[PDB]
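Below: one structure, written as structure tokens.
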2 protein chains.
Amino acid sequence: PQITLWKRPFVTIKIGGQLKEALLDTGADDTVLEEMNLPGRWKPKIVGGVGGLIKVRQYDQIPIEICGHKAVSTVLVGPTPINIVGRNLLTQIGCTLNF
Amino acid sequence: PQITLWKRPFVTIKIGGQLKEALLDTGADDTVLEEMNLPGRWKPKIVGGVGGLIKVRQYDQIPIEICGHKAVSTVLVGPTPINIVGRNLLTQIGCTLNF
Ligand SMILES: CC(C)CN(C[C@@H](O)[C@H](Cc1ccccc1)NC(=O)O[C@H]1CO[C@H]2OCC[C@H]21)S(=O)(=O)c1ccc(N)cc1
């Protein structure tokens, strides 16, 4: 289907056995989530946004259910003020912009 | 047009006769541009993202042209590291997410 943009485009994602709300964000290179536990190895990374830099944990090959897709992706975890779904995950599920 | 998300979705915009590259960003509530001069009244605003807050100037009713679509909308100006087109302008040009 389609999603208009009069409202913030939140979708529900299933990740780590939890249901979370996340913003579909074409301006984000990567998917960044608020503090949570995920299993497996991680490596520290710096993420920079409009207000400055934050430290995050990078988890690879995390399964995520999103918009009827069973996806697998890299996920960054840290002090973001909102869960964002970035182009890494948007491309995997075939999302595009159209006007 | 249609725009995939394997690369950052930059488009050329025209504002006040000036050509600029901006990111099409569904996570951004409102268009934010790097420091520039615009005419008319403004009011300060605070916007927040990854890494914290910034102060911007809000100009209302500014003409902006994007891929042949003309709009008159609110434009924020401040220390963003890149030009961002937000949902306020995406909606006015009929842009949607599709998958
Ligand atoms: C955090 C979002 C809810 C809001 N942001 C839009 C978002 O697309 C920014 C837009 C953005 C893009 C580049 C640089 C700064 C901000 N991208 C972002 O922070 O992504 C980071 C995660 O992936 C990495 O790839 C880009 C930076 C990292 S935002 O820049 O703070 C913002 C907030 C409000 C408005 N009106 C305009 C923009």
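Of everything listed in (1) more than 10 Å from the ligand (Cβ to nearest atom); (2) surrounded by fewer than 16 Cβ atoms within 10 Å (Cβ to Cβ); (3) under 25 Å from A:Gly52 (Cα atoms), the single unmet condition for B:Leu19 is (3).
Check the range A:22-35 and report whether any residue there is away from the ligand (no atom under 15 Å from the Cβ) and closer than 26 Å to B:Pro81 by Cα. Scanning the range A:22-35, I find at least one residue that is away from the ligand (no atom under 15 Å from the Cβ) and closer than 26 Å to B:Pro81 by Cα, so the answer is yes. Return yes or no: is A:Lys7 more than 22 Å from B:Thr91 (Cα to Cα) and more than 7 Å from chain B (Cβ to nearest Cβ)? Judged against the criteria, A:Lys7 is not a match. Pairs are defined by a Cβ separation below 6 Å, a sequence spacing of at least 6 or placement on different chains, a first member in the range A:13-28 that is more than 7 Å from chain B (Cβ to nearest Cβ) and over 9 Å from B:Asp25 (Cα atoms), and a second member that is within 15 Å of the ligand (Cβ to nearest atom) and of a type in the set (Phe, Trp, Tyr); the pairs so defined are A:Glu21/A:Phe10. Of everything in the range B:51-99 that is part of a loop (DSSP other than H, G, I, E, B) and away from the ligand (no atom under 16 Å from the Cβ), the residue that is farthest from A:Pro81 (Cα to Cα) is B:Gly68.
Considering the range A:29-61, the residues that are within 20 Å of A:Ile93 (Cβ to Cβ) and either crowded, with 19+ Cβ neighbours inside 10 Å or among the charged types (D, E, K, R) (or both) include one that is farthest from the other protein chains (Cβ to nearest Cβ), namely A:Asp60. The single condition among (1) in a loop (DSSP other than H, G, I, E, B); (2) within 17 Å of B:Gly48 (Cα to Cα) that A:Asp29 does not meet is (2).
Here Cβ is always computed from backbone atoms with ideal geometry, including for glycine, and neighbour counts include all displayed protein chains. Since every read-out is calculated from the coordinates, none of them should be taken as a lab result.
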